[PDB]
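Below you will find one chain, with nothing else, as structure tokens; this is the form deposited without the ligand, and questions on how it binds or moves follow later.
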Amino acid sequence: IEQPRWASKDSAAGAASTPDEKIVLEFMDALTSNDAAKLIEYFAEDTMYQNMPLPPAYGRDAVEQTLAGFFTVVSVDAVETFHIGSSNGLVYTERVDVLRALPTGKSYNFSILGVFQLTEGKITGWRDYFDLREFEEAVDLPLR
């Protein structure tokens, strides 16, 4: 994965400088685990996860079921975070995720800007904004 022309050292992942930013990076590295059970430990009970604008999951159970489901048809092979930053209690990640569909073995590069809200070090909110034109094809589940 190439680092973009527009990448800024000033906001590089290696320069994360808050407890919140550090946890989110750690959550990013954990994604390649494809382990809903390891990942849900990062979330608060009162929480949410959405791939905009698909139906969101509210509550830690729903988030766990949504993740478990994705990891059933899809592997997260790599996460490259170009930018991490934060403002007003929100953390932002500009990044690329490499996704591989399990039934097909086809790989995909999704350019993603995500926002995270954390309360007492745990995720109360997670929204990834990206193009879902291929996400349709990549995730062998109805986008519903």
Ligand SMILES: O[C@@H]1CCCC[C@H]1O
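Note that residue numbering follows the sequence shown and begins at 1.
When the C-alpha B-factors of 86-94 and 30-38 are averaged, 30-38 comes out higher. The stretch 12-20 shows the higher mean C-alpha B-factor when 12-20 is compared against 125-133 in the entry. When the CA B factors of the chain's modelled residues are split into thirds, the value for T81 lands in the middle one. Ranked by Cα temperature factor within the chain, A68 sits in the highest third according to the deposited record. For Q50, the recorded CA B-factor ranks within the lowest third of the chain. Only modelled residues enter the ranking. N109: CA B factor in the highest third of modelled residues in this chain (values from the PDB entry).
What comes next is about the form deposited with the ligand bound, which does not appear here.
Among the residues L102, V76, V115, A62, the one placing a heavy atom within 4.5 Å of the ligand in the entry with it bound is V76. Under a 4.5 angstroms non-hydrogen atom cutoff, the ligand in the entry with it bound lacks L90 among its neighbouring residues. Contact check for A57: no non-hydrogen atom falls within 4.5 Å of the ligand in the entry with it bound.
In the entry with it bound, the ligand sits within 4.5 Å of a heavy atom belonging to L67. Contact check for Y42: no non-hydrogen atom falls within 4.5 Å of the ligand in the entry with it bound.
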